[PDB]
Amino acid sequence: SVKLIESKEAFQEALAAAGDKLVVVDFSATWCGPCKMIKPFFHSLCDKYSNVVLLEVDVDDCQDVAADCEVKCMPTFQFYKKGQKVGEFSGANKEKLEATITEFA
């Protein structure tokens, strides 16, 4: 299950709960076409990548988190290891998402 993050504190808790695992965060908006497009693929990822943690931030529900994370396009995928951001890209690109996960997992 992709865990929804609705506060700065929940984000910090999720990063701590991940330990050493790659954490991938989908920053999305329900009105944004490419976000809706990629959402089922993003949920399907736990079947492919069983030691990666998947989080979701809805930028409308959590504007202060969005601001802190310097998002400007959606969907934006941010990659975290041991509590730090180690990569990012934006766009509904299945191939790039898989390749980026593989590069950091």
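Residues numbered from 1 in each chain as written, not as in the entry; some residues may be left out. Heavy atoms only, no water.

The deposited coordinates for this entry were obtained by X-ray crystallography, with a reported resolution of 1.752 Å.

Undergrad: Hey, could you go over unusual backbone geometry for me, with residue numbers and the actual values?
TA: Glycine aside, residues mostly have negative phi, and peptide bonds are mostly found in the trans state. Here the residue pair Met74 and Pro75 is connected by a cis peptide bond, since its omega of 0° sits within 30 degrees of zero. Summarising the element assignment, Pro75 is placed in the loop between α3 (63-68) and β4 (76-81). Despite not being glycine, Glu70 shows a phi value in the positive range, around 60°. Among the structural elements, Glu70 can be located in the loop between α3 and β4. By relative accessible area, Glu70 is classed as exposed at 60%. Its identity as a non-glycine residue notwithstanding, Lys82 has a phi of 40°, on the positive side. One can find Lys82 in the loop between β4 and β5 (84-90). (Helix = DSSP H or I, 4+ residues; strand = E, 2+ residues; numbered from the N terminus. Buried < 20%, exposed > 50% of the residue type's maximum accessible area, 1.4 Å probe, protein only.)

Undergrad: Tell me about the environment of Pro75, residues and numbers included.
TA: Owing to a relative accessible area of 0%, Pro75 belongs among the buried residues under this scheme. Each C-alpha atom of the pair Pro75 and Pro34 lies 6.7 Å from the other, and the pair is 41 residues apart in sequence. Filtering out sequence-adjacent residues up to four positions away, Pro75 remains in contact with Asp26, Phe27, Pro34, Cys35, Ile38, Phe89, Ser90, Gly91 and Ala92. (Contact = heavy atoms within 4.5 Å.)

Undergrad: How would you sum up the nonpolar core? Please name residues and give values.
TA: Counting 21 residues, the largest nonpolar core has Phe11, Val23, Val25 and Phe27 as the members making the most contacts within it. Beyond its immediate chain neighbours, meaning those up to four positions away, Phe11 contacts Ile5, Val25, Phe27, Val65, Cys69 and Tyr80. Counting 15 residues, the second largest nonpolar core, distinct from the first, contains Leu45, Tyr49, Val52 and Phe79. (Core = buried A, V, L, I, M, F, W, Y, C linked by side-chain atoms within 4.5 Å.)

Undergrad: I'd like a rundown of the packing of helix α2 (residues 33-48) against helix α4 (residues 94-104), residues and numbers included.
TA: One way to put it is that α2 packs onto α4 with a least axis distance of 11 Å and a crossing angle of 30°. Comparing the axis directions of α2 and α4 gives the class roughly parallel. Judged by the sense of rotation from one axis to the other, the crossing of α2 with α4 is right-handed. Contacts from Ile38, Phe41, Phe42, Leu45 and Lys48 in α2 reach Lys94, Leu97, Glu98 and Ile101 in α4. Residues of the contact of α2 with α4, tallied by class, amount to six nonpolar, no polar and three charged. (Axes fitted to C-alpha atoms, helices over the stretch in contact; angles between N-to-C directions. Parallel < 35°, antiparallel > 145°, perpendicular 65-115°, else oblique. Left-handed = near helix turned anticlockwise from the far one by under 90°. Nonpolar A, V, L, I, M, F, W, Y, C, P; charged D, E, K, R; others polar.)

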